[PDB]
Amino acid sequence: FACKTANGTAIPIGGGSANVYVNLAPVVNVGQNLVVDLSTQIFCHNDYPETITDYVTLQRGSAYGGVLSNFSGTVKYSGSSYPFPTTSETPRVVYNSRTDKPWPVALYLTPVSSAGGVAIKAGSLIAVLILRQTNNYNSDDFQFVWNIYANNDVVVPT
């Protein structure tokens, strides 16, 4: 079981960490949503599906930089809404195909009342999301750590 991003960055068997740079909506009004859809960037496969099924959760997530300071929001995992930052583990997603299939994570963030000007500086760390893989065969309990970086400024006009 391993995970790849669109831009080529990979975390191999056994887990690890990676830096993912995501393009953001250059401007977001107070009361609009900013969406960070990792389901179109992170894809995971099962390396021996004939005997084993892999179990994937969003174990925990934290906000940093402008997302921490200037945004409230939730995370959507496989169709359900969860608090963000998430302090508790999500239900499991099954992987039993060699075919790259998405990690169904998307952040829904709204600027806060007092937000104004550059609310996310380009190149800054905006979140850390921990993917936890287990299986039905082994004692394997791996963490794939995704450090989420902003590719561009995000402006909240006032």
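The first residue of the shown sequence is 1; numbering continues from there. For clarity, a rigid core is taken as the largest C-alpha set superposing within 1.5 Å between two forms.
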{"property": "Core-fitted comparison in 9 other deposited structures of this protein, 5 to 13 vs 138 to 146, farther C-alphas", "result": "5 to 13"}
{"property": "Segment of greater CA departure in 9 other deposited structures of this protein, 128 to 136 or 86 to 94, core superposed", "result": "86 to 94"}
{"property": "Where the record places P91 (Cα B-factor, split into thirds across the chain)", "result": "highest"}
{"property": "Chain-wide C-alpha B factor ranking for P85, given as lowest, middle or highest third", "result": "middle"}
{"property": "Cα B factor band for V22 (lowest, middle or highest third within the chain)", "result": "highest"}
{"property": "Chain thirds of CA B-factor: placement of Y137", "result": "highest"}
{"property": "Cα B factor band for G66 (lowest, middle or highest third within the chain)", "result": "highest"}
